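Asker: Input: one structure, supplied below.
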Amino acid sequence: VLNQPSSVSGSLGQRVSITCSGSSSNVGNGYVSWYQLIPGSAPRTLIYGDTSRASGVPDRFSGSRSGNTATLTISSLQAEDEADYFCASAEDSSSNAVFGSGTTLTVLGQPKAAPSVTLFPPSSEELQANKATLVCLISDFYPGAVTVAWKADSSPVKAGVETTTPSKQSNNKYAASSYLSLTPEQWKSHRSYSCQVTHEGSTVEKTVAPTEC
Amino acid sequence: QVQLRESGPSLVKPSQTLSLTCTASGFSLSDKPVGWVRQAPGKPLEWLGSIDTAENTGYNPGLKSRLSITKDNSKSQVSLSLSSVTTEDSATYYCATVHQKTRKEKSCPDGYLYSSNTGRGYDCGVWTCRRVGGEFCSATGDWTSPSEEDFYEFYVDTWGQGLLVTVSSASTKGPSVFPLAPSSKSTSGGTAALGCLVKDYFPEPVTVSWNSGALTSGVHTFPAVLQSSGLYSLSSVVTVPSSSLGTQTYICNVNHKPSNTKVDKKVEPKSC
């Protein structure tokens, strides 16, 4: 496996570089490739033959190699460049490919945004199926690091909680979701339930009550 | 246009042989070599194998004893087989057109170039690796013979879409779709958020659209959580006008191909 940095970060409009270190039998042979993997889409070939730009790739992407170390350089860093990046090389055969450990690229400089939080109580249908699920959706926030807590009445509750990792939307802001799995009896006993989303020191709390509909 | 589509099971029991098929489009298999690449959750890309125009196959060494790749130019298909699968083989599998080429070249060491002239320009006659700057034609430290070297060229041209394969002894389960209707206190001014909760399905993936793809403004299908039961749950949300609640109907279209299930759930407004 070709050693790459686990995660790098750059600023919008700036220039960033990602290294790919191997040995004399692969990257030293002198034919390194680079691929961009955006969450959801198919892998995209960026560079082949150390320096050759792939078809349709913009000129902002550049490839270089020094000895046993290749480098992918992205100039004029755009927001759509947030992705994983992998290097690859043949080794002792044109059919024996070895990939790199991958590098996650984080693009900085985008506007900050407080999260919009929506707390759905258990639907009537789900309660009629002897199940209760409190859903807490968190949309339109940046940076993509939030922390969710759950309150039964006003006490903290931790059992039955499942929270997703923030993932980017089509508008390039981050989104996350949290679930509190309750039996209908637990949903009826307490007077209220609350979802607390903490983002950059601010805490937005939404609350639903079983007394309402 | 060159396309490659993967097909096969979304779920395979441990110890079984995962078999996948790649349908090629826009080119002849007798022209471009076709290979397979997988990625496990949180793991790097991993090479599997390839078959070229001359039907010769080449595999990842560490997996060669379990891999078999065949090709049919007539049906224009490429088949992959991985035996004795385990949970470590749960991954996304792509097929793709790959460039492979061996180059049986001649090579000179560093500081030496293939020439028949010294640094000053005196014609030595014989072509050989001569030291850059050297002034003698046959001095020991001014020449060496060309060494035959093989240079390997590899890259991945066009990637397929990617098929998610899950290896587990647990059985398939279809999803249960519940509504996430916005109440009067849940709105956000002129707009409101409403969605669908897709509970308890296995295995992944599940895709959700809204109003048969006609409603795209604000749609976001969240990642799935794995509950302690081994089943997945997912949510999808869409932003609609608050004034239209009660008038315009909204329906989420959930698709779970691993179980051949499609659910169109109508999210009706809360009366409060």
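If you're wondering about the labels, chains in the structure tokens are A, B, ... by order shown, residues count from 1 in each chain, ligands from 1 in order shown.
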Select residues of chain A: the criterion is any atom within 8 Å of an atom of chain B, counting only C-alpha atoms; output as a PyMOL selection string.
Answerer: chain A and resi 29-33+41-45+48-49+86+88-102+118-120+123+125-126+162-165+167+169-170+175-177+213
Asker: I need the residues in stretch 71-184 of chain B that are helix (DSSP H, G or I) according to DSSP; give them as a PyMOL selection string.
Answerer: chain B and resi 87-89+140-142
Asker: Using only C-alpha atoms, which of the listed residues (A:109, A:124, A:10, A:180) sits closest to residue B:268?
Answerer: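 Comparing A:109, A:124, A:10, A:180 against residue B:268, the winner is A:124.
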Asker: With a distance cut-off of 10 Å and only C-alpha atoms, select the neighbouring residues of residue B:110, excluding the residue or stretch itself and same-chain residues fewer than 4 positions from it, and output the selection as a PyMOL selection string.
Answerer: chain B and resi 129+131-132
Asker: If you keep N, CA, C and O atoms, can you produce a file of those selected residues as a CSV table (one decimal), in the first residue's frame?
Answerer:
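Wrote it out as again.csv, contents follow:
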```csv
chain,number,residue,atom,x,y,z
B,129,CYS,N,25.8,3.7,-23.7
B,129,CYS,CA,25.6,4.6,-22.6
B,129,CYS,C,26.9,5.3,-22.3
B,129,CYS,O,27.8,4.7,-21.8
B,131,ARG,N,28.8,8.6,-20.3
B,131,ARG,CA,28.7,9.6,-19.2
B,131,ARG,C,28.6,11.0,-19.7
B,131,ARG,O,29.3,11.4,-20.6
B,132,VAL,N,27.6,11.7,-19.2
B,132,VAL,CA,27.4,13.1,-19.6
B,132,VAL,C,28.6,13.9,-19.2
B,132,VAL,O,29.0,13.9,-18.0
```
Asker: Counting only C-alpha atoms, figure out which residue out of B:216, B:31, B:267, B:42 gets nearest to residue B:88.
Answerer: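 Closest to residue B:88, using only C-alpha atoms: B:42.
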Asker: Could you work out how far atom CA of residue B:232 lies from atom CA of residue B:11, giving the answer in Å with one decimal?
Answerer: 14.2 Å
Asker: Skip stretch 188-204 of chain A itself and residues of its chain fewer than 6 positions away, then list as a PyMOL selection string all residues within 7 Å of it, counting only C-alpha atoms.
Answerer: chain A and resi 114+119+136+145-153+210
Asker: Name the residues in contact with stretch 14-29 of chain B at a cut-off of 10 Å, using only C-alpha atoms, excluding same-chain residues fewer than 4 positions from it; report them as a PyMOL selection string.
Answerer: chain B and resi 1-10+33-36+51-53+55+66-89+93-97+160+163+165-170
Asker: With only C-alpha atoms as the counted atoms, please give the residues lying no more than 8 Å from residue A:85, apart from itself and same-chain residues fewer than 3 positions off, as an mmCIF file with N, CA and C atoms, in the first residue's frame.
Answerer:
```
data_model
loop_
_atom_site.group_PDB
_atom_site.id
_atom_site.type_symbol
_atom_site.label_atom_id
_atom_site.label_comp_id
_atom_site.auth_asym_id
_atom_site.auth_seq_id
_atom_site.Cartn_x
_atom_site.Cartn_y
_atom_site.Cartn_z
ATOM 1 N N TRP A 34 -3.705 8.930 -10.528
ATOM 2 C CA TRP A 34 -4.458 9.608 -9.481
ATOM 3 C C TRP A 34 -5.940 9.594 -9.818
ATOM 4 N N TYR A 35 -6.760 9.296 -8.809
ATOM 5 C CA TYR A 35 -8.200 9.151 -8.955
ATOM 6 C C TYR A 35 -8.917 9.929 -7.861
ATOM 7 N N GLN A 36 -10.012 10.586 -8.240
ATOM 8 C CA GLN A 36 -10.851 11.338 -7.317
ATOM 9 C C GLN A 36 -12.131 10.559 -7.042
ATOM 10 N N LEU A 37 -12.458 10.388 -5.764
ATOM 11 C CA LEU A 37 -13.648 9.664 -5.329
ATOM 12 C C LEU A 37 -14.515 10.617 -4.515
ATOM 13 N N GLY A 102 -5.081 6.505 0.486
ATOM 14 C CA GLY A 102 -6.139 7.488 0.296
ATOM 15 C C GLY A 102 -5.975 8.705 1.183
ATOM 16 N N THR A 103 -6.403 9.851 0.656
ATOM 17 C CA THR A 103 -6.316 11.123 1.366
ATOM 18 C C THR A 103 -7.645 11.850 1.241
ATOM 19 N N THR A 104 -8.249 12.191 2.374
ATOM 20 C CA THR A 104 -9.474 12.980 2.387
ATOM 21 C C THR A 104 -9.109 14.459 2.342
ATOM 22 N N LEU A 105 -9.649 15.180 1.362
ATOM 23 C CA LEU A 105 -9.369 16.599 1.196
ATOM 24 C C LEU A 105 -10.531 17.421 1.736
#
```
Asker: What's the 6 Å shell around stretch 11-20 of chain A, counting only C-alpha atoms, without same-chain residues fewer than 4 positions away, as a PyMOL selection string?
Answerer: chain A and resi 3-4+69-78+107-109
Asker: Taking C-alpha atoms for each residue, export the selection above as a compact mmCIF listing (two decimals), in the first residue's frame.
Answerer:
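Resulting contents of out-v5.txt:
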```txt
# COMPACT_ATOMS: atom_id res chain seq x y z
CA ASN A 3 1.55 5.69 1.98
CA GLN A 4 -0.59 8.82 1.61
CA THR A 69 7.23 9.96 -4.28
CA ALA A 70 4.41 11.17 -6.51
CA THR A 71 2.43 14.34 -5.87
CA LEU A 72 -1.01 15.57 -6.89
CA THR A 73 -1.29 19.37 -6.84
CA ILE A 74 -4.69 21.09 -7.04
CA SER A 75 -4.51 24.81 -7.82
CA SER A 76 -7.40 27.26 -7.42
CA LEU A 77 -9.05 24.97 -4.90
CA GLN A 78 -12.80 24.83 -5.54
CA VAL A 107 -11.93 22.61 1.55
CA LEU A 108 -11.94 25.60 3.91
CA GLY A 109 -13.20 29.16 3.56
```
Asker: Give the strand (DSSP E or B) residues of stretch 78-200 of chain A, as assigned by DSSP on the backbone, as a ChimeraX atom specification.
Answerer: /A:84-90,97-100,103-108,113,116-120,132-142,147-152,155-157,161-163,167-168,174-182,193-199
Asker: Just to confirm, what's the straight-line distance from atom CA of residue A:134 to atom CA of residue A:173 in Å (one decimal)?
Answerer: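 A separation of 23.5 Å between them.
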Asker: Would you mind telling me which residue in A:212, A:84, A:59, A:50 lies nearest to residue A:6 when using only C-alpha atoms?
Answerer: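 Closest to residue A:6, using only C-alpha atoms: A:84.
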Asker: How many Å separate atom CA of residue B:144 from atom CA of residue A:66?
Answerer: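 It comes out at 24.7 Å.
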